[PDB]
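Engineer: Here it is: the structure, laid out below.
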Amino acid sequence: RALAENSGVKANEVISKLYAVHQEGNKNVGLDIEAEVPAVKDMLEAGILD
Amino acid sequence: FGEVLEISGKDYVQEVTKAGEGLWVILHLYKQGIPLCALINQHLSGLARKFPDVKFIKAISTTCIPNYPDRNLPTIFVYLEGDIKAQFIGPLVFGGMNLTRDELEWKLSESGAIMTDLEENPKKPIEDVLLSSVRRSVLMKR
Amino acid sequence: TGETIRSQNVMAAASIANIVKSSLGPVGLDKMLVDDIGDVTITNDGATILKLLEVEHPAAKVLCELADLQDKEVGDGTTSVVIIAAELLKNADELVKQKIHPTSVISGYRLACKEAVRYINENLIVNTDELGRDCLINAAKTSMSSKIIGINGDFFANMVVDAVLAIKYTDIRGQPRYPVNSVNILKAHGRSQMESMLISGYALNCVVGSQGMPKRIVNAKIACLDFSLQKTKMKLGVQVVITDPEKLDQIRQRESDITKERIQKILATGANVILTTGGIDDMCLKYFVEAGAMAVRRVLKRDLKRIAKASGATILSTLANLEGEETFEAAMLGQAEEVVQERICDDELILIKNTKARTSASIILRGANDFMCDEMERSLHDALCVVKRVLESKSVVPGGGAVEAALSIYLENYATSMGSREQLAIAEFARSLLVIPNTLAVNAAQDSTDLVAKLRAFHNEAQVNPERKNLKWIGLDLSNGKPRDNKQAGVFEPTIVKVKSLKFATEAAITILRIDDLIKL
Amino acid sequence: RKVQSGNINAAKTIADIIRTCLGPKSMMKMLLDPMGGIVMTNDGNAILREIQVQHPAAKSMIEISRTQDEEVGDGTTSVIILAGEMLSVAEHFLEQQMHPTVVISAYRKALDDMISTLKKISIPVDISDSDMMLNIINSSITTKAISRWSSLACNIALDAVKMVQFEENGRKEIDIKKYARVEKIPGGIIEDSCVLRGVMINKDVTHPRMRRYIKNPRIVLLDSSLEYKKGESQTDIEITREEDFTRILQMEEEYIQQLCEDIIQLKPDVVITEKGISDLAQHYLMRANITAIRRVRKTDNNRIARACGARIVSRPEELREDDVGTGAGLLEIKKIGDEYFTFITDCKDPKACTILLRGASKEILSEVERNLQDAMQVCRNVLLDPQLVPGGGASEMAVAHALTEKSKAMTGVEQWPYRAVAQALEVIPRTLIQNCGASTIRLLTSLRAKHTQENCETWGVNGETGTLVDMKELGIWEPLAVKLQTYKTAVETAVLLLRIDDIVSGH
Ligand SMILES: Nc1ncnc2c1ncn2[C@@H]1O[C@H](COP(=O)(O)OP(=O)(O)O)[C@@H](O)[C@H]1O
Ligand SMILES: Nc1ncnc2c1ncn2[C@@H]1O[C@H](COP(=O)(O)OP(=O)(O)O)[C@@H](O)[C@H]1O
């Protein structure tokens with residue numbers, strides 16, 4: 001929610017999209033404009049780990 | 001007749017000193033910004049179109065009693081051309097915004113003696129709990 | 001003074017224009033109005049709110065007067081004019097404050113309106129029917145609210161188009177008139193909703209309590225009667241001065257012996273069944289059944305009026321009172337072709353085949369909720385209004401908010417190509433035109449900033465590359481926030497209404513801008 | 001977005017007044033008077049009628065509750081509580097982003113799901129026997145009333161309900177309000193109440209001279225157009241002198257003479273008259289082989305308009321040959337008691353029987369009146385739909401569980417308002433537990449853990465102890481149409497209060 005509210009769009013639709021795809025655990029909202037509303041990206045092949 | 005009419009000061013001071021006999025007159029006041037005045041005016045206009053036997057007067061508060069206080073609410077003055085017997089002072093005797101023609105014709109009881117069996121239940125009160133219970137217990141045991 | 005009163009008038013006009021702003025289109029909230037008495041009225045109409053509202057400003061008063069004058073002659077389009085005038089005023093306020101003579105911006109607005117009218121008049125549609133009223137699959141689904149049934153809507157659309165295209169009317173001798181509108185309805189309960197039939201000739205009221213007519217032969221022509229004979233008084237026509245106690249018991253036989261010649265003259269040539277309302281006796285029918293003349297009961301005033309206005313057989317030309325000893329003419333004789341009582345929906349109603357002048361279709365509903373009578377009625381009303389408005393006038397425009405963008409682009413291009421003193425006025429007039437799509441997108445709970453941008457980007461391609469003029473005219477949608485082509489399934493609108501609305505808005509803006517001061521001079 | 005908040009604030013304020021007045025163990029309110037009076041009562045209707053508010057939403061809710069109480073008669077208290085709870089759980093939590101669009105669709109879907117769940121849980125019943133109906137009536141009427149002569153009263157009410165129905169034609173229309181009244185006469189034993197034809201006649205018939213006795217004639221009533229008028233439509237004759245007055249008597253003779261050759265073929269009797277009584281004209285009228293009565297009030301008018309079917313129109317003479325008066329009707333003026341009583345039996349429009357009770361003072365009158373009223377209301381609410389639902393707090397839990405399961409299975413976007421409106425149905429059990437005097441959290445948790453096993457939807461909370469008991473052993477059942485009407489009214493009120501934009505003034 002804090003990551004989606006500090007970008008430019010809302011956070012309810014992002015949460016609904018993240019909860020509606022699948023329980024894979026490798027999906028997260030991006031940073032570009034083409035990744036705010038869909039928020040369907042695979043961060044495993046990009047290189048974003050913690 | 002059967003309809004209200006705007007009155008002035010000369011006609012009022014003439015009707016006061018006229019002193020007739022069996023002529024019924026009902027005068028009312030008027031105030032701006034109060035929906036109760038318009039409601040009672042509509043009620044009187046609807047009632048006057050059924051019993052053409054009593055004169056109605058719709059006076060303005062700025063024409064009578066120039067030095068009026070704050071508690072000078074528009075009331076109803078029923079006169080017998082120089083007789084005083086009913087002075088409905090205070091809107092608490094009615095109910096407020098829940099007023100109808102039956103309550104008006106029951107509170108009047110002087111401009112058309114018909115009595116449509118309204119004296120048996122003019123207004124439904126609030127029945128008590130303890131008083132009614134003890135009354136029923138006294139009546140049943142004796 | 002000078003500018004302060006003008007700013008106050010502009011602020012008042014902008015404040016009075018924000019009340020009917022959240023009520024444009026079919027999707028809108030309701031508004032409550034109190035008469036300072038105790039009664040509240042809930043309505044969401046653009047005209048009822050403006051009609052029932054108190055005013056105290058001269059500019060607001062003249063604006064309401066102009067709106068009423070426009071609505072007295074134009075059907076719809078009385079809400080967007082106020083918003084257009086408010087936007088024009090709020091855009092010209094900055095121009096006036098930027099040290100510009102109001103005459104210059106007035107002339108610029110006039111030139112922009114003239115150019116817009118000239119560009120609009122060159123973009124119309126010549127054809128009135130496209131593959132049977134927009135393929136008869138798209139012109140009926142958008143004009144019908146489908147909330148409980150929509151799987152078998154194709155059959156309903158086919159029935160509607162067949163009822164509205166087959167029957168026509170012509171009476172002005174100059175243009176085809178609108179077809180039938182007050183068609184007969186029959187609300188049924190507990191029937192097969194997956195099956196419907198269409199028959200010709202409307203039926204009258206159901207005869208209940210007097211169905212003792214052995215109808216076994218095919219008739220031809222019928223008649224009609226407004227009054228009804230009776231031994232005693234009951235309706236109008238009975239005299240009150242003649243006092244005869246020993247004559248009321250034999251007045252029925254005398255009336256029958258008098259009307260025997262009329263009954264024989266009716267039975268001659270070709271007429272049998274007569275139409276008599278309630279108030280007749282049973283002895284006359286039993287006495288006339290031996291010759292071949294009968295009478296159908298259960299006749300109301302609505303059926304009599306429909307019969308008089310359909311076939312044209314009037315009765316007032318000859319009969320007017322209870323005196324049945326009038327002349328025998330063909331005016332009070334219902335010239336028909338075939339009157340039979342077939343077995344439909346387990347009932348026996350009057351079925352008139354091959355009706356002169358008009359030929360209505362019996363629309364019988366199915367067993368469902370009582371709200372079905374208001375489902376197809378609005379669609380039929382919209383269809384007849386469309387076919388009666390676009391017939392004599394071929395000046396229609398597709399879509400609802402797909403023309404303002406092109407108009408603004410053309411006005412901006414004209415202002416850029418002009419290069420005179422009236423350059424910023426045309427630009428402001430073009431900018432003050434995107435207030436309807438934005439409001440429609442806001443009221444639809446969508447993003448207007450992206451929708452208007454996409455619409456402008458799609459409309460700029462049609463003007464940059466001249467390829468066609470009929471296609472590439474997409475607009476907005478009501479179901480979702482996606483651009484849809486308003487041509488294959490859109491609803492056209494009369495262009496004369498929009499032209500008159502724009503002219504009235506421009507005139508109101510000019511009149512308001514021409515007002516200097518309101519001080520008592 | 002401040003008008004909706006101010007509206008729901010007043011809605012919750014109004015709803016949080018008669019909240020502790022539900023169930024057998026209810027509290028009592030007290031209202032003071034500005035003059036110096038105090039009245040204690042436990043009826044929410046009196047408090048709602050005596051209150052005076054200034055917000056339009058409160059007045060609209062009061063009018064809706066009054067209409068619901070006048071149309072049905074049972075279930076006009078929980079509607080406001082449910083509406084306030086739904087408002088406080090939906091608008092006061094899901095309006096931070098301002099989106100009043102999908103909430104209406106969510107409410108409609110929730111209402112449809114609740115209707116489907118309540119329809120797919122009902123059980124059939126039979127109306128052949130009479131003991132089961134009497135037992136159901138006695139179980140539903142055991143609220144806050146006396147118990148001494150309730151069986152006979154309920155049996156008489158059931159008989160009157162089963163006898164007053166005659167307007168059947170496919171729609172099943174039942175009218176007992178303006179079709180069956182109540183009569184009272186003191187004197188005699190109190191154990192003789194039954195049903196009779198019922199004629200509103202006390203001291204209206206006046207016969208100064210002694211004539212023949214009425215056995216079984218054929219009375220055909222006419223109209224009321226023989227008063228102090230000027231004629232039919234012209235002012236040719238008037239009542240201004242003493243001589244010309246008796247001239248009207250001659251005309252009165254004609255007023256019957258032509259009738260002797262009109263539709264008068266069964267020889268009627270009394271006629272309705274509003275004005276016209278004397279010591280000389282009445283004698284001639286009685287000698288003219290006809291009788292006339294006077295003194296007609298509103299009750300007699302309603303009786304002749306419902307039972308006989310008398311209309312009001314400007315047509316006294318020359319009517320239909322077979323209008324009214326079809327059948328042998330006896331009219332013997334009995335001397336039972338102390339007043340004149342008429343028993344018009346076997347005439348036009350049957351199945352219009354009234355009650356006959358002989359009590360004592362006014363307390364007996366009031367108690368039998370309220371008993372008949374509540375028994376007839378219960379019988380009408382039961383016979384309207386032969387479907388019973390186990391109440392007490394068992395169907396709401398199952399409905400909420402089904403709604404939660406459907407919301408979890410659909411996996412939609414607007415699931416939050418759906419869950420909020422589904423979890424806002426456990427207000428009645430919580431109020432019952434609070435009124436009983438126990439823990440409202442542990443009992444609710446136990447009920448939720450019990451209403452999720454296998455085949456368990458009739459376990460409610462006892463309204464007298466405070467424990468979970470099965471409804472199959474107690475006997476608490478409710479009708480089906482009342483719950484559906486309550487839910488529909490609550491949904492309509494929520495939709496109306498949620499679609500309020502701005503409020504202005506006008507004329
Ligand atoms: N199906 C639709 N698609 C797009 N726009 C629509 C549709 N239906 C109605 N509208 C828009 O809704 C508006 C309704 O305006 P209306 O309330 O009739 O104005 P007025 O109140 O002045 O008559 C129209 O301007 C039209 O553009
Ligand atoms: N013996 C009982 N066991 C369980 N529940 C009961 C019992 N008696 C009454 N109740 C509950 O108390 C409630 C009383 O509601 P009531 O005050 O009559 O509503 P209203 O005021 O709308 O008529 C009923 O809904 C019923 O479920």
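Each chain in the structure tokens gets a letter, A, B, ..., in the order shown, and its residues are numbered from 1; ligands are numbered from 1 in order too.
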Counting only C-alpha atoms and all ligand atoms, which protein, DNA or RNA residues come within 10 Å of ligand 2, given as number ranges by chain?

Structural biologist: D: 18-26, 43-45, 69, 73-80, 139-144, 390-394, 428-429, 431-432, 460-466, 468-471, 474-478, 486

Engineer: Please determine the contact residues of chain A with respect to chain D at a cut-off of 9 Å, counting only C-alpha atoms, and supply them as an mmCIF file with C-alpha atoms, in the first residue's frame.

Structural biologist:
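out_10.cif written:
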data_model
loop_
_atom_site.group_PDB
_atom_site.id
_atom_site.type_symbol
_atom_site.label_atom_id
_atom_site.label_comp_id
_atom_site.auth_asym_id
_atom_site.auth_seq_id
_atom_site.Cartn_x
_atom_site.Cartn_y
_atom_site.Cartn_z
ATOM 1 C CA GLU A 13 -6.790 -2.113 -7.275
ATOM 2 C CA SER A 16 -6.892 -6.851 -5.733
ATOM 3 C CA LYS A 17 -4.720 -7.625 -8.765
ATOM 4 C CA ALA A 20 -6.371 -12.268 -8.007
#

Engineer: Could you pull out the residues sitting within 8 Å of ligand 1, using only C-alpha atoms and all ligand atoms, and write them as a list in words?

Structural biologist: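 So, counting only C-alpha atoms and all ligand atoms, the residues near ligand 1 are residues 23, 24, 25, 26, 45, 46, 47, 75, 76, 77, 78, 79, 80, 81, 142, 399, 400, 401, 436, 440, 475, 476, 477, 478, 490 and 491 of chain C.
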
Engineer: List every residue of region 61-133 of chain B that DSSP, applied to the backbone of this structure, places in strand (DSSP E), and write the result as a PyMOL selection string.

Structural biologist: chain B and resi 76-79+87-88

Engineer: Quick one: pick out all alpha helix (DSSP H) residues within region 192-424 of chain C from a backbone DSSP run and write them as a PyMOL selection string.

Structural biologist: chain C and resi 251-267+282-288+301-310+376-389+404-418+424

Engineer: Specify as a list in words all residues of chain B found within 10 Å of chain D, counting only C-alpha atoms.

Structural biologist: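 Residues passing the distance filter: residues 92, 95, 96, 97, 98, 116, 117, 125, 126, 127, 128, 129, 130, 131, 135, 136, 139 and 140 of chain B.
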
Engineer: Can you spit out the residues from that selection as an mmCIF file, in the first residue's frame, using N, CA and C atoms?

Structural biologist:
data_model
loop_
_atom_site.group_PDB
_atom_site.id
_atom_site.type_symbol
_atom_site.label_atom_id
_atom_site.label_comp_id
_atom_site.auth_asym_id
_atom_site.auth_seq_id
_atom_site.Cartn_x
_atom_site.Cartn_y
_atom_site.Cartn_z
ATOM 1 N N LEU B 92 -48.944 25.002 22.211
ATOM 2 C CA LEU B 92 -48.758 23.732 22.902
ATOM 3 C C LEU B 92 -50.064 22.969 23.079
ATOM 4 N N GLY B 95 -50.261 20.473 18.983
ATOM 5 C CA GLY B 95 -49.301 19.395 18.853
ATOM 6 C C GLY B 95 -48.066 19.788 18.069
ATOM 7 N N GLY B 96 -48.138 20.914 17.365
ATOM 8 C CA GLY B 96 -47.017 21.385 16.577
ATOM 9 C C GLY B 96 -47.237 21.248 15.085
ATOM 10 N N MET B 97 -46.420 20.421 14.432
ATOM 11 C CA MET B 97 -46.541 20.206 12.996
ATOM 12 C C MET B 97 -47.567 19.139 12.638
ATOM 13 N N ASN B 98 -48.030 18.355 13.608
ATOM 14 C CA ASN B 98 -49.019 17.308 13.354
ATOM 15 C C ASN B 98 -50.418 17.843 13.656
ATOM 16 N N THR B 116 -69.431 15.511 15.053
ATOM 17 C CA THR B 116 -69.331 14.249 14.317
ATOM 18 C C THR B 116 -68.677 13.159 15.162
ATOM 19 N N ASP B 117 -69.134 13.032 16.411
ATOM 20 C CA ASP B 117 -68.620 12.035 17.352
ATOM 21 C C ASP B 117 -67.110 12.174 17.543
ATOM 22 N N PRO B 125 -53.951 9.729 23.627
ATOM 23 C CA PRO B 125 -52.861 10.035 24.561
ATOM 24 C C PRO B 125 -51.874 8.887 24.692
ATOM 25 N N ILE B 126 -51.068 8.910 25.749
ATOM 26 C CA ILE B 126 -50.088 7.867 26.024
ATOM 27 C C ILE B 126 -50.543 7.131 27.277
ATOM 28 N N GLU B 127 -50.911 5.863 27.118
ATOM 29 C CA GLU B 127 -51.386 5.072 28.245
ATOM 30 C C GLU B 127 -50.230 4.739 29.181
ATOM 31 N N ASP B 128 -50.443 4.954 30.477
ATOM 32 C CA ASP B 128 -49.416 4.668 31.464
ATOM 33 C C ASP B 128 -49.272 3.159 31.663
ATOM 34 N N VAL B 129 -48.188 2.774 32.327
ATOM 35 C CA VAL B 129 -47.889 1.371 32.594
ATOM 36 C C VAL B 129 -48.269 0.980 34.015
ATOM 37 N N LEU B 130 -47.788 1.730 35.008
ATOM 38 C CA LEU B 130 -48.076 1.396 36.399
ATOM 39 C C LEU B 130 -49.491 1.801 36.795
ATOM 40 N N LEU B 131 -49.934 2.984 36.363
ATOM 41 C CA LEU B 131 -51.271 3.451 36.718
ATOM 42 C C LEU B 131 -52.344 2.555 36.114
ATOM 43 N N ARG B 135 -54.890 0.162 38.184
ATOM 44 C CA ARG B 135 -56.320 0.351 37.967
ATOM 45 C C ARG B 135 -56.990 -0.953 37.554
ATOM 46 N N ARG B 136 -56.354 -1.712 36.658
ATOM 47 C CA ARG B 136 -56.901 -3.005 36.262
ATOM 48 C C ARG B 136 -56.913 -3.980 37.433
ATOM 49 N N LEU B 139 -59.839 -2.956 39.643
ATOM 50 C CA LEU B 139 -61.132 -3.258 39.038
ATOM 51 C C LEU B 139 -61.399 -4.759 39.012
ATOM 52 N N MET B 140 -60.357 -5.568 38.810
ATOM 53 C CA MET B 140 -60.548 -7.013 38.742
ATOM 54 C C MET B 140 -60.804 -7.604 40.122
#

Engineer: Could you give me, as JSON lines, a per-residue list for chain D showing, wherever an atom lies at most 7 Å from an atom of chain C, the closest pair of atoms and their distance in Å to one decimal, using only C-alpha atoms and sorting by chain then residue number from low to high?

Structural biologist:
{"residue": "D:258", "atom": "CA", "partner": "C:245", "partner_atom": "CA", "distance": 4.6}
{"residue": "D:261", "atom": "CA", "partner": "C:245", "partner_atom": "CA", "distance": 5.9}
{"residue": "D:318", "atom": "CA", "partner": "C:232", "partner_atom": "CA", "distance": 5.4}
{"residue": "D:319", "atom": "CA", "partner": "C:232", "partner_atom": "CA", "distance": 6.9}
{"residue": "D:499", "atom": "CA", "partner": "C:29", "partner_atom": "CA", "distance": 6.1}
{"residue": "D:500", "atom": "CA", "partner": "C:30", "partner_atom": "CA", "distance": 6.1}
{"residue": "D:501", "atom": "CA", "partner": "C:31", "partner_atom": "CA", "distance": 6.2}
{"residue": "D:502", "atom": "CA", "partner": "C:31", "partner_atom": "CA", "distance": 6.2}
{"residue": "D:503", "atom": "CA", "partner": "C:32", "partner_atom": "CA", "distance": 5.4}
{"residue": "D:504", "atom": "CA", "partner": "C:33", "partner_atom": "CA", "distance": 5.8}
{"residue": "D:505", "atom": "CA", "partner": "C:34", "partner_atom": "CA", "distance": 4.9}
{"residue": "D:506", "atom": "CA", "partner": "C:53", "partner_atom": "CA", "distance": 4.8}
{"residue": "D:507", "atom": "CA", "partner": "C:35", "partner_atom": "CA", "distance": 3.9}

Engineer: Excluding residue 298 (chain C) and residues on its chain fewer than 5 positions from it, collect all residues at most 7 Å away from it, counting only C-alpha atoms, and give them as a ChimeraX atom specification.

Structural biologist: /C:205,207,277-278

Engineer: Could you give me, as a PDB file with C-alpha atoms, in the first residue's frame, the residues within 9 Å of residue 199 (chain C), counting only C-alpha atoms and dropping anything in the same chain fewer than 4 positions from it?

Structural biologist:
ATOM      1  CA  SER C 360     -52.270  -2.150 -35.666  1.00  0.00           C
ATOM      2  CA  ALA C 361     -50.591  -5.283 -34.320  1.00  0.00           C
ATOM      3  CA  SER C 362     -51.700  -6.977 -31.099  1.00  0.00           C
ATOM      4  CA  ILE C 363     -48.655  -7.059 -28.808  1.00  0.00           C
TER       5      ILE C 363
END

Engineer: Between CA of residue 339 (chain C) and CA of residue 220 (chain C), measure the distance and give it in Å to one decimal.

Structural biologist: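 For CA of residue 339 (chain C) relative to CA of residue 220 (chain C), the distance reads 5.8 Å.
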
Engineer: Find the spatial neighbours of region 26-32 of chain A, counting only C-alpha atoms, within a cut-off of 7 Å - ignore same-chain residues fewer than 6 positions away - and output them as number ranges by chain.

Structural biologist: A: 39-44

Engineer: Point out the residue among B:33, B:52, B:2, B:122 with the least atom-to-atom distance to chain C, counting only C-alpha atoms.

Structural biologist: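 The answer is B:33, which sits nearest to chain C.
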
Engineer: List the neighbours of region 88-91 of chain B out to 8 Å using only C-alpha atoms; skip same-chain residues closer than 3 positions along the sequence, and give me the result as a ChimeraX atom specification.

Structural biologist: /B:73,75-77,94-96

Engineer: To one decimal place, how far is CA of residue 183 (chain C) from CA of residue 138 (chain C) in Å?

Structural biologist: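 It comes out at 23.1 Å.
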